[PDB]
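Only one chain is included here, represented as C-alpha cells and corresponding to the form deposited in one PDB entry.
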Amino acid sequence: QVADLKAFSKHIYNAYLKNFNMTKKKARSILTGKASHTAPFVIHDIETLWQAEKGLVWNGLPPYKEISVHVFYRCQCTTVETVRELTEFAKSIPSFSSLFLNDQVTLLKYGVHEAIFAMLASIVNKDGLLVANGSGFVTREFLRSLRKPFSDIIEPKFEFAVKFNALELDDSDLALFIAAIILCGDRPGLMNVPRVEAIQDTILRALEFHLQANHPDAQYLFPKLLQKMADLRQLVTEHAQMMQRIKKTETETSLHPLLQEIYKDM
C-alpha cells in the first residue's frame, strides 16, 4: 500500500501544521537569527527574567514564591499549553477520534510527556531554549543556576535534544513520529489494545516510507528513531521521579491540576 500510506502521512502532517503554534522550521530560523528584524530577548539572570516579565516578552500564575519556583510555574504553564495542542493534534487524526473516549484519555495520559520532550528538541540548542512562542530565549546556564531541585529538571532534556537534533528531522518527519508516540499499544489500561496496535503499526510503516523518500541518504534512520522512542520513555520515567520528589519536598510549590491528574498512578 505504498500510496495509501503517503496520503495517510500527508493527513497527519496537515493535523500537525494546523495545531502546533511553533514548528521546527520556524524555531530554527529564529535560533539562527534569520526570522525577524529583532532577535529573541535573552533571559540569563534575575534582571533579564524580571525584564521579560514586565511586558518585554509577556498573569494568572499562582502567588509568587521565589525565582526557582517562578520558573517552575512557567514550565507548568508551557506544558499545559503543549498538552492542549497535542490533544487537538490527536483529535485531528480520524483513527484517534474513533477510539473509546476513555482510550483517548489513556493515550494522552501516558503519551504527552514523551511527545513534549520530543518536540522540545525543536526549540533547543546547546545554549538554551526558546520561550514565549519564540520571543524569548532562556539560557541553559541560567537554568543550571537555579536552586536544587529545580536546576536538575531541565538539564537532561538538553542532553537528549542535542543528540536528537543531530538526526536532522523536519516537521513532516516529526508529525509522524509524534503520532506514533501518541498511538501506542503498550499503554496501561487500554480497553482495545489490538485496535491501537494496528494504528501504531500503520503509522510506523508510513513513517518508514516517509523517511525513505525524505532522507534517502540517511543510513539506519528508522531504527534510530525507534530507539529514540525507547529513550524518551526512560527520560519521562526520570522526569516523573523528579516531579515526585518536588511534590514531596517542596510543599509550598503549587501543582497544576491537569498535570497532577496526568501523573496520578504512573
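Rigid core: the largest C-alpha set superposing within 1.5 Å between the two forms. The numbering used is simple: start at 1 and walk along the sequence shown.
Chemist: Is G60 unresolved, in the sense of carrying no coordinates, in at least a third of the other compared entries?
Modeler: Other entries vs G60: at least a third skip it.
Chemist: Counting only other entries that model residues on either side, is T38 absent from the coordinates in at least a third?
Modeler: Affirmative; at least a third of those entries omit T38.
Chemist: Should the segment between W58 and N59 be described as having none, 1 to 3, 4 to 9, or 10 or more unmodelled residues of the deposited sequence?
Modeler: 4 to 9 residues are missing.
Chemist: Taking the mean of the C-alpha B-factors per stretch from the entry, tell me the winner out of 148-156 and 108-116.
Modeler: Taking the mean B-factor of the alpha carbons in each, 148-156 is higher.
Chemist: Please compare 234-242 with 210-218 and name the stretch with the higher mean C-alpha B-factor in the deposited structure.
Modeler: Per the deposited B-factors, the answer is 210-218.
Chemist: For the listed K224, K34, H44, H70, which has the peak Cα B-factor recorded in the PDB entry?
Modeler: Answer for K224, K34, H44, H70: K34, with the highest C-alpha B-factor.
Chemist: Please work out which residue in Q76, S122, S98, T87 has the highest C-alpha B-factor recorded for this crystal structure.
Modeler: That would be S98, according to the entry.
Chemist: Divide the modelled residues of the chain into thirds by Cα B-factor and specify which third, lowest, middle or highest, holds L190.
Modeler: Ranked within chain, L190 CA B lands in the highest tercile.
Chemist: Consider only the C-alpha atoms of the modelled residues in this chain, order them by B-factor as the entry records it, and name the third containing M229: lowest, middle or highest.
Modeler: Answer is lowest: the recorded C-alpha B-factor places it there.
Chemist: Tell me, lowest, middle or highest third: where does the Cα B factor of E168 rank within its chain?
Modeler: Middle third of the chain for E168's C-alpha B-factor.
Chemist: Looking at the entry's B-factor column for C-alpha atoms only, identify whether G128 ranks in the lowest, middle or highest third of its chain.
Modeler: Lowest third.
Chemist: Looking at the temperature factor on the CA atom of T139, which third of the chain's modelled residues does it land in?
Modeler: Middle third by C-alpha B-factor.
One more form of this protein should be noted, the form deposited in another entry, which is absent from this view; the next part is about it.
Chemist: Can you spot, among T32, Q227, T38, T237, the one with a CA shift of 2 Å or more between the shown form and the other one after core superposition?
Modeler: Only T38 moves by 2 Å or more at its C-alpha.
Chemist: After a rigid core superposition, would you say the CA of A198 moves by 2 angstroms or more between the shown form and the other one, or not?
Modeler: No, because once the rigid core is superposed, the C-alpha of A198 moves less than 2 Å between the shown form and the other one.
Chemist: Look at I67 and decide if its Cα position differs by 2 Å or more between the shown form and the other one after superposing on the rigid core.
Modeler: No: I67 shifts by under 2 Å between the shown form and the other one.
Chemist: Considering a change of 3 Å or more, are the Cα atoms of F158 and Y220 closer or farther in that other deposited form than here?
Modeler: Compared with the shown chain, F158-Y220 is closer in that other deposited form.
Chemist: Relative to what we see here, could you say if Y64 and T48 have their Cα atoms closer or farther apart in that other deposited form, with a change of 3 Å or more?
Modeler: Compared with the shown chain, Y64-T48 is farther in that other deposited form.
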